[PDB]
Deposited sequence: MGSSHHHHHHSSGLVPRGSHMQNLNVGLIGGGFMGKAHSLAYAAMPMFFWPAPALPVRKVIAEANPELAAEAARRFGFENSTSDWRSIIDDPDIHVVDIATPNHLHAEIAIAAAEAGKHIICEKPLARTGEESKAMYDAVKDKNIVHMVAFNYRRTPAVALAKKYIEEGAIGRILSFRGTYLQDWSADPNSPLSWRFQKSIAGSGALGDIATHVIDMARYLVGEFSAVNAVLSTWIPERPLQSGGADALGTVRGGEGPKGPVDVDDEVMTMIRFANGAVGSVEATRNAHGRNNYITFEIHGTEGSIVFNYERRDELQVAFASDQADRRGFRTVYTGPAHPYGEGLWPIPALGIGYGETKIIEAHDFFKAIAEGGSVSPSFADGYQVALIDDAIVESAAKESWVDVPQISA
């Protein structure tokens, strides 16, 4: 039994709480049993209502009381980006295992403080880049590590969304630099960057453009009310030189009508190619050069028992993977590392590396030039 203190029970609250409720039913025997012990929220009534909805034993309106609670094994940080650092540093000092939502923090420097706080402790630390644990993405990693597409030449990744494509969508914390740190870059590009690091390798250099299409939004009517500035990017595109000599690019936007949760990649290798589209996340597309010339092309592979993580999921391909299975796989690996005194990827080290890439992107965009990405060891 590992006791979880969840901090924040907003748009993501449902997903985390599901992972903890469900993970043992999927991956059994379970290394440990997550217990939804206590949830913190911004005020006591909120916290109590969240605790009822998500099935937590206890509620608090002061997250510090979770840190000081010696019966709490795991702190799950699901607040806006401005509290990630302070909470994680307090939990690390109290010897807690930590899972933290992305982006790790607002900036590279702030993410550095979080990494520095966990680097030397005997705790499992994880950043919530859940999409790399889509079974189709794990499958792409398997094909690549096997050599089945040869050496990687080129990588394309997108994260295209449209939930704020209407300028009357309100000025939430995601549009305020002081809370979020960045816009599309921090909130969604980081997921793609993580996939790139996972599947291709480390970034050597970036060259980017940041765009804001909608500079003002209604404060939280038809947006006739008072308005505030958007001082973050709506959109980012960046070219990439990988340390291993592959090239690529990443594009993310909040302003692509028709695109809902369109995290995709295309990878070209010397002996084949892989395509993935999270809107059809059950599928991975793979083209092998070795196929006979008259029957050569992308195969649509549906993930199931035969594919990574399949032993813990559904008994046939296409029974259907949702967002929740990715969080379950995430929790499985997290609790497994804890139970075995091991560690998981992506960790705060990966979180910090992504934050350094983001800083380099921002700097590249500002100077209109190639910027070298520092590795976390510098």
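Visitor: Numbering the deposited sequence from 1, which residue ranges have no coordinates here?
Guide: According to the record, the gaps fall at 1 to 22, 243 to 252.
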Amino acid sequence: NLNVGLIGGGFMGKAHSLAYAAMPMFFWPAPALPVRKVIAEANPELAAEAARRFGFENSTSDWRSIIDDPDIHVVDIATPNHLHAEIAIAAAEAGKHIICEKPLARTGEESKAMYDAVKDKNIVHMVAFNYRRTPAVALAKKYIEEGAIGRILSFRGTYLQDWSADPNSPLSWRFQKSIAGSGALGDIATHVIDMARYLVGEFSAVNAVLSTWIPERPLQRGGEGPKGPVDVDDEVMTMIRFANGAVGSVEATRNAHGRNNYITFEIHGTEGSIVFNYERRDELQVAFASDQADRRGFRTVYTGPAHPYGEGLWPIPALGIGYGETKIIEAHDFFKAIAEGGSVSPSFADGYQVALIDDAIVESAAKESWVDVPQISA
From here on, numbers count along this sequence of modelled residues.
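Visitor: Is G248 left out in a third or more of the other entries?
Guide: No: coordinates for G248 present in every compared entry.
Visitor: Any chance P226 is unbuilt in a third or more of the other entries we compared?
Guide: Looking at the other entries that model residues on either side of it, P226 is missing from at least a third.
Visitor: Comparing average C-alpha B factors as deposited, tell me which of 275 to 283 and 84 to 92 sits higher.
Guide: Comparing 275 to 283 with 84 to 92, the higher mean C-alpha B-factor belongs to 84 to 92.
Visitor: Of the two stretches 50 to 58 and 324 to 332, which shows the higher Cα B-factor on average in the entry?
Guide: Comparing 50 to 58 with 324 to 332, the higher mean C-alpha B-factor belongs to 50 to 58.
Visitor: Per the entry's Cα B factor values, which of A349, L319, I338, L313 stands out as the maximum?
Guide: By C-alpha B-factor in the record, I338 ranks first.
Visitor: Specify which of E109, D294, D162, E235 carries the largest Cα B factor in the deposited PDB entry.
Guide: Across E109, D294, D162, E235, the entry lists the biggest C-alpha B-factor for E109.
Visitor: If you rank every modelled residue in this chain by C-alpha B factor, which third holds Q220: lowest, middle or highest?
Guide: Top third by C-alpha B-factor.
Visitor: Quick check for you: using the entry's CA B-factors within this chain, is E251 in the lowest, middle or highest third?
Guide: Lowest third, going by the recorded CA B-factors of the chain.
Visitor: Compared with the other modelled residues in the chain, in which third is the CA B-factor of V118?
Guide: It belongs to the highest third of the chain when residues are ordered by C-alpha B-factor.
Visitor: Using the B-factors in the PDB entry, rank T303's C-alpha atom against the chain and give the third, lowest, middle or highest.
Guide: According to the entry, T303 has a C-alpha B-factor in the chain's lowest third.
Visitor: Relative to the other modelled residues in the chain, which third contains the C-alpha temperature factor of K102: lowest, middle or highest?
Guide: Its C-alpha B-factor belongs to the middle third of this chain's values.
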